[PDB]
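A short write-up of the structure that comes next.
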Amino acid sequence: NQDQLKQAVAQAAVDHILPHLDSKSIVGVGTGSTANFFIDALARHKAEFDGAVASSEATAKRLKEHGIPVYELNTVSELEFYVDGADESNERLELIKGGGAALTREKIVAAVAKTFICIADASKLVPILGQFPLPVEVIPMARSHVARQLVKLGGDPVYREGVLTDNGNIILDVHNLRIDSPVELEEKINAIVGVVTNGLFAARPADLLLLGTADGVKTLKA
Amino acid sequence: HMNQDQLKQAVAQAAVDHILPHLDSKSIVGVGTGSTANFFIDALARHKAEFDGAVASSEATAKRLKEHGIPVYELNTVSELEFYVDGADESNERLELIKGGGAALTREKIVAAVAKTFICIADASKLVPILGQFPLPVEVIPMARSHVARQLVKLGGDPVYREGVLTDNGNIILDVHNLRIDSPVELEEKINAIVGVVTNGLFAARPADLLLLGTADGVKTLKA
């Protein structure tokens with residue numbers, strides 16, 4: 001099932017990074033269901049590295065519960081690895097992220113990491129991004145303005161009722177985009193004043209995609 | 001001789017003079033934040049019986065408006081906003097601005113985006129040949145501080161975290177020194193490409209539409 005595919009890619013990421021780790025290693029860590037399997041698998045090797053940088057309060061809490069040191073991103077200039085899930089990837093390793101509402105700090109940690117490993121079950125690999133609605137984090141008082149600007153880009157935005165991110169912002173999930181050019185669209189959405197971050201990880205895509213399939217975990221590159 | 005406050009009052013009143021013939025009972029005015037905007041609130045409030053109310057660009061401005069008896073509406077309740085009136089830290093001759101000295105750049109930039117006509121009101125000293133002597137404010141997610149600073153250094157700036165300041169949105173500001181901003185629209189876009197940036201203080205892709213400049217010899221009315 002899906003959970004066992006998530007468990008598999010989480011373990012695959014641990015196995016991949018393990019030989020690279022040493023007492024100075026600080027691992028960047030995602031948020032959400034797949035990342036949580038990764039946290040628990042990584043913790044079984046906590047003696048092999050220094051600590052971690054979290055992409056959410058929830059992730060920070062889970063890491064601490066395992067006795068893994070959690071450091072603020074502000075204390076590093078680079079991380080060797082950032083490991084996280086996604087809602088969609090295309091074959092160029094351009095992603096839609098933000099289902100779990102943590103897209104902003106995730107995108108920031110990913111920017112500091114040298115190698116972004118995305119871990120996902122097979123169903124998340126799509127020919128063209130956009131069937132999964134694109135999350136956009138928005139300053140709350142900008143809701144109506146940003147929605148209007150997203151309509152101009154050909155989307156149907158929907159406010160995610162009752163949700164505030166770790167940063168105190170709302171999310172508009174944008175339906176009905178056919179995202180043939182994710183790098184271009186990511187830039188267009190960043191041109192909208194009131195947008196904090198958008199869920200396209202395209203200008204800085206994943207570097208490695210570990211995909212959990214019925215035939216095992218496959219390693220994909222752009 | 002007019003002091004800086006008096007020059008600010010002159011442009012505040014000039015802005016009221018400009019917009020008044022265009023206001024009716026359903027007019028909602030977008031309002032900036034800071035010293036010059038506050039003088040504008042003083043002048044505008046004398047006419048509160050002639051228009052509906054205002055949209056604020058900060059919690060401080062919302063308080064000032066209410067203290068003057070002007071109704072305050074959330075931006076989310078409007079789509080039609082004819083005027084936004086605010087100060088700036090610098091303008092060039094193309095009405096491209098540096099804003100954010102008063103730390104309100106994000107909500108200011110959002111309200112300005114909704115308004116049809118952005119009137120910038122400023123004293124003479126704020127008109128400069130090239131933007132950048134006034135350090136450029138950039139609003140940043142707090143956990144992104146070191147990352148964004150590194151990316152701003154790559155653009156030729158010297159970013160300095162503004163001690164003890166959190167914006168209305170819970171973010172920090174990096175004030176970026178030493179830029180000579182020859183192409184404000186291009187730099188604005190480049191800074192927006194840095195993940196961790198919330199907004200930057202260049203109002204260039206959406207510049208001011210009208211600049212009222214207070215000088216010793218009267219108010220100047222400038223356009224790009």
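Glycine gets a Cβ as well: all are built from the backbone with ideal geometry, and neighbour counts include every protein chain shown. Nothing in this text is a laboratory measurement; each read-out follows from the coordinates by a stated rule.
Observations
Let's see how each residue does on (1) out of contact with any strand residue (DSSP E or B) (no Cβ under 6 Å at 6 or more places or on another chain); (2) surrounded by fewer than 22 Cβ atoms within 10 Å (Cβ to Cβ); (3) of a type in the set (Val, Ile, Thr):
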position: A:24; (1), (2), (3): yes, yes, no
position: A:30; (1), (2), (3): no, no, no
position: A:37; (1), (2), (3): yes, no, no
position: A:46; (1), (2), (3): yes, yes, no
position: A:51; (1), (2), (3): no, yes, no
position: A:74; (1), (2), (3): yes, yes, no
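- Looking only at residues of the range B:156-175 that are of a type in the set (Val, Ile, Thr) and farther than 22 Å from residue A:192 by Cα, we find that the one that is farthest from the chain's Cα centre (by Cα) is B:160.
- Residue within the range B:90-111 that is more than 14 Å from chain A (Cβ to nearest Cβ), in contact with a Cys (Cβ under 9 Å, 6 or more places away or on another chain) and surrounded by fewer than 23 Cβ atoms within 10 Å (Cβ to Cβ) present: yes
- Residue list for the range B:197-222, restricted to those being away from chain A (no Cβ under 14 Å), under 18 Å from residue B:113 (Cα atoms) and part of a loop (DSSP other than H, G, I, E, B): B:208, B:209
- Residue that is nearest to the other protein chains (Cβ to nearest Cβ), among those in the range B:118-132 that are over 13 Å from the mean Cα position of the chain (by Cα) and closer than 20 Å to residue B:205 by Cα: B:131
- Scope the range B:133-159; condition away from every other protein chain (no Cβ under 12 Å) and of a type in the set (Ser, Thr, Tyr); matching residues: none
- Extreme residue, surrounded by the most Cβ atoms within 10 Å (Cβ to Cβ), among residues of the range B:162-196 that are facing another protein chain (nearest Cβ under 10 Å) and in contact with a helix residue (DSSP H, G or I) (Cβ under 6 Å, 6 or more places away or on another chain): B:196
- Residue count for the range B:76-107 satisfying the condition of being without any contact (Cβ under 8 Å) to a residue 60 or more places away in the chain and in a strand (DSSP E or B): 4.
- Residue pairs meeting the criteria (Cβ under 9 Å; at least 6 apart or on separate chains; first within 20 Å of residue A:112 (Cβ to Cβ), in the range A:11-26; second assigned to a helix (DSSP H, G or I) and of a type in the set (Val, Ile, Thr)): A:25/A:17; A:26/A:75
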